[PDB]
Asker: 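Let me give you the structure first, and then I'll get to my questions.
Heavy atoms only: backbone and side chains are in, while hydrogens, waters and symmetry mates are out. Note on naming: letters A, B, ... go to the chains in the order of the sequence lines (proteins, then strands), and numbering restarts at 1 for each one.
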Amino acid sequence: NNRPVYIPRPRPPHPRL
Amino acid sequence: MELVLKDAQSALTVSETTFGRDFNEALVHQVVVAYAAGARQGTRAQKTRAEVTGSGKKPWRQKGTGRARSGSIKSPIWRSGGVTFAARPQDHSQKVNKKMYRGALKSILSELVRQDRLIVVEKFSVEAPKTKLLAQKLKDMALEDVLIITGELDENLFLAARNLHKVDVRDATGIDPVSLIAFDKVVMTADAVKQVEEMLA
Amino acid sequence: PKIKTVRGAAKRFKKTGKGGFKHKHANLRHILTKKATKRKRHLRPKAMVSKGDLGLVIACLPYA
Amino acid sequence: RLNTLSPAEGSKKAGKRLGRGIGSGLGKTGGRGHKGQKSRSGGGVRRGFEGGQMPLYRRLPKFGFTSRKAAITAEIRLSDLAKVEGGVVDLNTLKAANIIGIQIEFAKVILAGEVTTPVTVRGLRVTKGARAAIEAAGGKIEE
Amino acid sequence: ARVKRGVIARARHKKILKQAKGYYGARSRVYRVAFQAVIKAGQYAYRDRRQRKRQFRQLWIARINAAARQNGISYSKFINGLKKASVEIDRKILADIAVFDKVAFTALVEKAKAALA
RNA sequence: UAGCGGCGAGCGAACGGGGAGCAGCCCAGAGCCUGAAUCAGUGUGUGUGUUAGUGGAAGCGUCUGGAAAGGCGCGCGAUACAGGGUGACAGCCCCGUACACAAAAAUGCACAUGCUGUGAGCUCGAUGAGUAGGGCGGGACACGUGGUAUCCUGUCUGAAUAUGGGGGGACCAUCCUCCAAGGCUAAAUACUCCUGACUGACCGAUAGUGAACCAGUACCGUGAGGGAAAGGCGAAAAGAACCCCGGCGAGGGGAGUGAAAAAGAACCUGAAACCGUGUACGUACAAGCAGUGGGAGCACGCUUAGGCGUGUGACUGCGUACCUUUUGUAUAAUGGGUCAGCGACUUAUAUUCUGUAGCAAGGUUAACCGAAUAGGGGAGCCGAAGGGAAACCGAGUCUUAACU
């Protein structure tokens, strides 16, 4: 039971406070 | 010192240094332990993470995955492949000085005489290669676990005691500390005794 | 394998009777005109290795 | 009796085992402290490293040279001088006694005392007191 | 010489869980939580072996103070009178006497009052 | 160790000694004598081994038990108690084991005897040229161009030939040693895809080969390639005839088999997390690491008739998890959903110190030999003498013209 995840995620506006 | 007989009642002269010296507990134990270690063969081995069948591909990417960082399927903390420190075939025999071996043997022989576990007799032989004859010869002497040491090895005595587990037949040259300690009684022939001092010196 | 002596160390330290080490002083190579004769004279004889760095010397040359 | 032999007291120590519980003493890094180069697996500095400062074996100047003649010379004691062979001693027949070695071709006799039997030495060198010692014993010197 | 630690490990876990019997939820079922609960109970038991002595001391003083005041004297005055009268009865007996034997306590306060005066 | 080395990190000989094993020849050519030894290939004969195998000793009665090989009592074999199986643990029930034998046919090995082919012995002569060496550029020798010998080579040159030439660590002279530019040669040495036997302080199904189960399979990838999980009924299937509920089901209750069916094939043992039914006690006006100290009541049992134990626990004092990392964490800093299993200071060779044992101005062998953990083997290593860069000197030595 491994099920590798190949899901990239969108780059949100970085905090850069 | 003087070694008495139980059959011929004949006096025997033997150096007291090799038969009447004190019993060195520490020295004898080291020789016995060394003898047991030399009996090993150390034929064993496991596979390290390099010798385990597999591939070096990383199971998953370093980052992004929600699980622990992994480098190979063969890591020791992984199922089916590992062994952090795999054993290799090694020699367990250890060095024992010649004098230390002789000293332990002299110490062992003296104490056997002190505990009357050593019996000196005349020539010990069997007319025919029959285990039944040897059993009878040892039965009337009230001996069941004995180590027969003879100056000259004869096939007739060797074959008679082959099927007797509790009985062993040996030559003076082929004498080891473990056999003397292990066996309840030791029977030495007159010839066998003489060669012992010569080799022990 | 047997330990390898540090060859550079073996060319600068010599072992003595009581286990010490003698070495040449380290300020008598060049730029000698401006030095007083007293300081050059005192640097000529060999000197013993200090206690603090003795342990370092032992590791460098375990055989010699 | 094979199950009665025991070793001398203090012959065994059982060794040190690292990282086996709290009560065992040296657990949780097993006596190598907290973070640092020395705490890492396989970490440490090579011999003579001083943290970047010029090592002692580099601050000092190399001196002297090796003499090949020194490896083919040996010193003979007075104690072992008389146990070579009868009462004659020379460059040869010392190798038979095995006190110099096959390769040695120069030898000297120094004052080590305990010389009784008068002996003759040919081809060797007796420093100052070896000459006196043998002469008292009854030896002689000739080249 | 491979060594399997199944038997020993199960013995240790059983021992801890047995000591955690009666705790609520995972504290009596799960070893990881039970071990913390058992250790904490050990700390509290050590601490409360000392608080018990002072807690009972406070209770005895309160009982004596109530009994002494009922007889017409403050606790501090009553104890001072006993010390002056050379009476070595401690608080535990004094509280016990006050609860059960009223006459004996009345004699004690009377003795304390005489010593003070 | 000597040396090499941004003289850094590191690399690291030889001479010489002790062992295993030993074997020396042929062509560059003519003559005399010509199977003359030794070799290779094909026949015959002896011995041995491999490929099928044969014989192979000796126990019974009672007790427990489903069943004994176990307990008890009395016997026998053993040149055979090495192993395996058999209803629990077998020297004497079975297969084997020590031991003694066996081959029509095919084969490897060591010999003797035939054939074929090159080929003995003596005299004289000859005795390897684009080579040695050199210039330039590289590489190999521990040796990185350094004072660098020696070897190999891409490029350009280029001898003497035995009254000659090479080497002996720049180089020269003298001495010593050898004869390149043509070849052949078993032994001691390295390894195991495979075959047989034997052994193991090696593993025992998350271990051991990835694979104990028809596994490199299923499965994933266009492809090279990657790559699992999954063992256990019982001594023997004797694997549940038959009856009943049910959908001519599934599943179940009887019956029967068996020592045992909560051994029924979803089958040895059957833990924990997790999920339930029953019983006792507590809980719907009471605030928080859920415990701890005190503690009434209730329900069960014990002797005594008072308590002791077991379970629960109203009420009450105190009390903000663990680990890690930190000057400092309940911290709202890190890590963990839980359980079970696995998971991290090891091993080899050297060096120093401590303890202990042997021997002692001596101690100890390595390889190897060895019917062998013995005994041989003392090659060698460490120590008893140091000083100096070294020659050298020596209980002294160095420093200095020499020491108060």
Asker: Select one nucleotide: of F:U292, F:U79, F:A9, the one nearest the side-chain heavy atoms of E:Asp48.
Answerer: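 So the side chain of E:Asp48 is nearest to F:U292.
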
Asker: Which one, F:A374, F:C15, F:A357, comes nearest to the side chain of B:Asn24?
Answerer: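 Looking only at heavy atoms from C-beta outward on B:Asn24, the closest nucleotide is F:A357.
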
Asker: Need the pair for F:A299. Rule: Watson-Crick or G-U wobble, both distances under 3.5 Å, any strand; none if unpaired.
Answerer: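 With both distances under 3.5 Å, F:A299 matches F:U310.
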
Asker: For RNA chain F, find the residues of residues 57-64 of chain C with a heavy-atom distance under 4.0 Å and give them by number; none if there aren't any.
Answerer: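 When residues 57-64 of chain C is checked for heavy atoms under 4.0 Å from RNA chain F, the hits, listed by number, are C:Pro62, C:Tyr63.
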
Asker: Does the F:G12 base have a donor-acceptor partner in the side chain of C:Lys4 within less than 3.5 Å?
Answerer: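 Per atom types, the contact qualifies.
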
Asker: Using both distances under 3.5 Å as the test, list the Watson-Crick or G-U wobble partner of F:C368, or none.
Answerer: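 Pairing partner: F:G376.
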
Asker: Please tabulate the protein-to-nucleotide N/O contacts below 3.5 Å involving nucleotides 323-327 of chain F, giving atom names and distances.
Answerer:
from	atom 1	to	atom 2	distance (Å)
F:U325	OP2	D:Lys28	NZ	3.2
F:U325	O3'	D:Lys35	NZ	3.2

Asker: Does F:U79 have OP1 or OP2 sitting under 4.0 Å from an N or O in the side chain of B:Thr131?
Answerer: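 For F:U79, OP1/OP2 do have a side-chain N/O of B:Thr131 under 4.0 Å.
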
Asker: Just distance, no hydrogens or angles: give the donor-acceptor pairs under 3.5 Å from side chains in residues 59-71 of chain D, sequence neighbours left out.
Answerer:
from	atom 1	to	atom 2	distance (Å)
D:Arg59	NH1	D:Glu50	OE1	3.2
D:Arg59	NH1	D:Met54	O	2.7
D:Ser67	OG	D:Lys69	N	3.3

Asker: E:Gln55 has a side chain; which of F:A290, F:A390, F:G317 sits nearest to it?
Answerer: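 Of the candidates, F:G317 comes closest.
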
Asker: For F:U326, give its Watson-Crick or G-U wobble partner with both distances under 3.5 Å, or none.
Answerer: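 Here F:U326 is not engaged in any pair, so there is no nucleotide opposite it.
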
Asker: Measure the distance between the ring centre of E:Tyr44 and the centre of the six-membered base ring of F:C318, then answer whether it is under 5.5 Å with planes under 30°.
Answerer: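 So E:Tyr44 does not count as stacking on the base.
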
Asker: Nearest-Å distance, NZ (E:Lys21) to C1' (F:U310)?
Answerer: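 From E:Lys21 NZ to F:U310 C1': 13 Å.
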
Asker: Treating primed atoms plus P, OP1 and OP2 as sugar-phosphate and everything else as base, which nucleotides of nucleotides 211-222 of chain F get B, S or - for protein heavy atoms under 4.0 Å?
Answerer: -----B------

Asker: Taking the minimum atom-to-atom distance to the side chain of D:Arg125, which one of F:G394, F:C393, F:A348 wins?
Answerer: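 Out of F:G394, F:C393, F:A348, the nucleotide with an atom closest to D:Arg125's side chain is F:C393.
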
Asker: I would like to know whether D:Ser24 and D:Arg17 meet side-chain hydrogen bond (donor to acceptor under 3.5 Å, both in side chains); could you show each step before the answer?
Answerer: CA-CA 9 Å; D:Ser24 80; D:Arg17 304 177 67 212; over 6 Å; no

Asker: Return all side-chain donor-acceptor pairs below 3.5 angstrom for residues 23-34 of chain B, not counting sequence neighbours, or 'none' if the list is empty.
Answerer:
from	atom 1	to	atom 2	distance (Å)
B:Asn24	OD1	B:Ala26	N	3.2
B:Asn24	OD1	B:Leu27	N	2.7
B:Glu25	OE2	D:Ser6	N	2.9

Asker: Do B:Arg49 and B:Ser72 meet the criterion of a side-chain donor-acceptor pair at a distance under 3.5 Å?
Answerer: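 Their side chains do contain a donor-acceptor pair, which is all the 3.5 Å distance test asks for.
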
Asker: For F:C136, which nucleotide is its Watson-Crick or G-U wobble mate, given both distances must be under 3.5 Å?
Answerer: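 F:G154 is the nucleotide pairing with F:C136.
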
Asker: Can you identify which nucleotide, out of F:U206, F:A9, F:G210, has its nearest atom closest to the B:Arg79 side chain?
Answerer: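 In terms of side-chain proximity for B:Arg79, the closest of F:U206, F:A9, F:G210 is F:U206.
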
Asker: Check side-chain hydrogen bond (donor to acceptor under 3.5 Å, both in side chains) between B:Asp171 and all other residues, then give those that pass, not counting sequence neighbours.
Answerer: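 Residues passing side-chain hydrogen bond (donor to acceptor under 3.5 Å, both in side chains) with B:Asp171: B:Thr173.
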
Asker: Can you name the residues that form a side-chain hydrogen bond (donor to acceptor under 3.5 Å, both in side chains) with D:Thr29, not counting sequence neighbours?
Answerer: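 Applying side-chain hydrogen bond (donor to acceptor under 3.5 Å, both in side chains) to D:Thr29 gives none.
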
Asker: Could you check which of F:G16, F:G3, F:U347 has an atom nearest any side-chain atom of D:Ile102?
Answerer: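 Between F:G16, F:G3, F:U347, the one nearest the side chain of D:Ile102 would be F:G16.
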
Asker: Under 4.0 Å, heavy atoms only, any strand: does B:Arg102 hit a base, just the sugar-phosphate, or nothing?
Answerer: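 Sugar-phosphate contact only.
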
Asker: Can a side chain N or O of C:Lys2 be found less than 4.0 Å away from OP1 or OP2 on F:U352?
Answerer: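 Answer no for this pair, as no side-chain N or O of C:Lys2 is under 4.0 Å from OP1 or OP2.
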
Asker: E:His13 NE2 to F:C339 P: how many Å, rounded?
Answerer: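 Distance, rounded to whole Å: 8 Å.
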
Asker: Between B:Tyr101 and B:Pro177, is any pair of side-chain heavy atoms under 4.5 Å apart?
Answerer: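 The answer is yes, as the side chains (C-beta and beyond) meet within the 4.5 Å cut-off.
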
Asker: At under 4.0 Å between heavy atoms, what does C:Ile3 touch on the DNA or RNA strands: base, sugar-phosphate, or nothing?
Answerer: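 The residue C:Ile3 makes base contact.
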
Asker: How long is the line joining CD1 of D:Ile72 and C1' of F:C15, in whole Å?
Answerer: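 Distance, rounded to whole Å: 12 Å.
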
Asker: To the nearest Å, how far apart are E:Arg2 CZ and F:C203 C1'?
Answerer: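 Taking CZ of E:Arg2 and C1' of F:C203, I get 8 Å after rounding.
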
Asker: Does D:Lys128 make a side-chain N or O approach to OP1 or OP2 of F:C393 shorter than 4.0 Å?
Answerer: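 Negative; the distance criterion is not met.
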
Asker: Does D:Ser41 reach a base, just sugar-phosphate, or nothing at all? Heavy atoms under 4.0 Å.
Answerer: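 If one applies the 4.0 Å heavy-atom cut-off, D:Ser41 turns out to touch nothing in the nucleic acid.
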
Asker: Quick check with a 6.0 Å cut-off and a 45 degree axis cone: is E:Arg52 positioned over the face of E:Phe56's six-membered ring?
Answerer: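 Relative to the ring axis of E:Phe56, which defines the angle, E:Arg52 lies outside at least one limit.
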
Asker: Does D:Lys108 make a side-chain donor-acceptor contact with the base of F:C393, cut-off 3.5 Å?
Answerer: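 Looking at the base of F:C393, it does not pair with any donor or acceptor on the side chain of D:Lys108 (distance under 3.5 Å).
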
Asker: So what's F:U54 paired with, Watson-Crick or G-U wobble, going by both distances under 3.5 Å?
Answerer: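 Across all strands, the one nucleotide that pairs with F:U54 is F:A100.
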
Asker: Polar atoms only, N or O, under 3.5 Å: list the protein pairs with nucleotides 198-200 of chain F and their distances.
Answerer:
from	atom 1	to	atom 2	distance (Å)
F:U199	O2'	B:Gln41	OE1	3.1
F:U199	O2	B:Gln41	NE2	3.4
F:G200	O4'	B:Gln41	NE2	2.7
F:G200	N2	B:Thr43	O	2.6
F:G200	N3	B:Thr43	O	3.4
F:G200	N3	B:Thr43	OG1	3.1

Asker: Check whether any side-chain nitrogen or oxygen of E:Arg5 sits under 4.0 Å from OP1 or OP2 of F:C342, and answer yes or no.
Answerer: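 So the side chain of E:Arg5 is within the cut-off, an N or O lying under 4.0 Å from OP1 or OP2 of F:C342.
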
Asker: Checking B:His92 now: which residues fulfil ring pair (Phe, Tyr, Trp, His ring centres under 6.0 Å) with it, not counting sequence neighbours?
Answerer: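 Ring pair (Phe, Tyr, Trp, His ring centres under 6.0 Å) list for B:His92, sorted by chain: empty.
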
Asker: Nearest heavy atom decides the nucleotide; on that basis, is C:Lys46 or D:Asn98 closer to the 5' end of RNA chain F?
Answerer: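 By nearest-heavy-atom nucleotide position, the 5'-most residue is D:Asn98.
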
Asker: Hey, is the side chain of E:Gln58 pairing donor to acceptor with the base of F:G317 inside 3.5 Å?
Answerer: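 When only heavy-atom distances are counted, E:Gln58 does not reach the base of F:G317 through any donor-acceptor pair under 3.5 Å.
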
Asker: Establish whether the base of F:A321 is bridged to the side chain of E:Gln36 by a donor-acceptor pair shorter than 3.5 Å.
Answerer: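 Under the 3.5 Å cut-off, the side chain and the base do form a donor-acceptor pair.
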
Asker: Answer with base, sugar-phosphate or nothing: what part of the nucleic acid does E:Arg10 contact at a heavy-atom distance below 4.0 Å?
Answerer: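 Contact class for E:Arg10: sugar-phosphate only.
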
Asker: Quick check on C:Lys40: does its NZ atom have over 12 non-hydrogen neighbours (other residues, nucleotides or ligands) under 6.0 Å away?
Answerer: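 Yes, enclosed.
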
Asker: Please report the interatomic distance CZ(E:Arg63) to CZ(E:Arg91), rounded to the nearest 0.5 Å.
Answerer: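 Answer rounded to 0.5 Å: 15.0 Å.
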
Asker: Please tabulate the protein-to-nucleotide N/O contacts below 3.5 Å involving nucleotides 359-362 of chain F, giving atom names and distances.
Answerer:
from	atom 1	to	atom 2	distance (Å)
F:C359	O2'	B:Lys99	NZ	3.1

Asker: Could you pull out all residues at least two apart from E:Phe35 that satisfy ring pair (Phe, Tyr, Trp, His ring centres under 6.0 Å)?
Answerer: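 Expected list: E:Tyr31.
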
Asker: Contact class for E:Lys4 vs. all strands (heavy atom < 4.0 Å): base, sugar-phosphate, or nothing?
Answerer: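 E:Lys4: backbone/sugar contact only, no base atoms under 4.0 Å.
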
Asker: If F:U118 has a Watson-Crick or G-U wobble mate with both distances under 3.5 Å, name it; if not, just say none.
Answerer: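 Check on F:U118: unpaired, no WC or wobble geometry under 3.5 Å.
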
Asker: Under 3.5 Å, is there an N or O donor on one side and an acceptor on the other linking the side chain of C:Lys11 and the base of F:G5?
Answerer: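 Yes, the side chain and the base share a sub-3.5 Å donor-acceptor pair.
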
Asker: Between F:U364, F:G3, F:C345, which nucleotide has the shortest distance from any of its atoms to the side chain of D:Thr66?
Answerer: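 Ranking F:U364, F:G3, F:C345 by closest atom to the D:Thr66 side chain puts F:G3 first.
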
Asker: Kindly point out which of F:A9, F:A344, F:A207 is positioned nearest to the side chain of B:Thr84?
Answerer: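 Output: F:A344.
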
Asker: Can a side chain N or O of C:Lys22 be found less than 4.0 Å away from OP1 or OP2 on F:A389?
Answerer: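 For F:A389, OP1/OP2 do have a side-chain N/O of C:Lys22 under 4.0 Å.
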
Asker: Where along residues 24-32 of chain E does a heavy atom come under 4.0 Å from RNA chain F, residue by residue in number order?
Answerer: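 E:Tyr24, E:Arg27, E:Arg29, E:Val30, E:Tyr31, E:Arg32 - these, ordered by number, are the residues of the stretch whose heavy atoms sit under 4.0 Å from the strand.
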
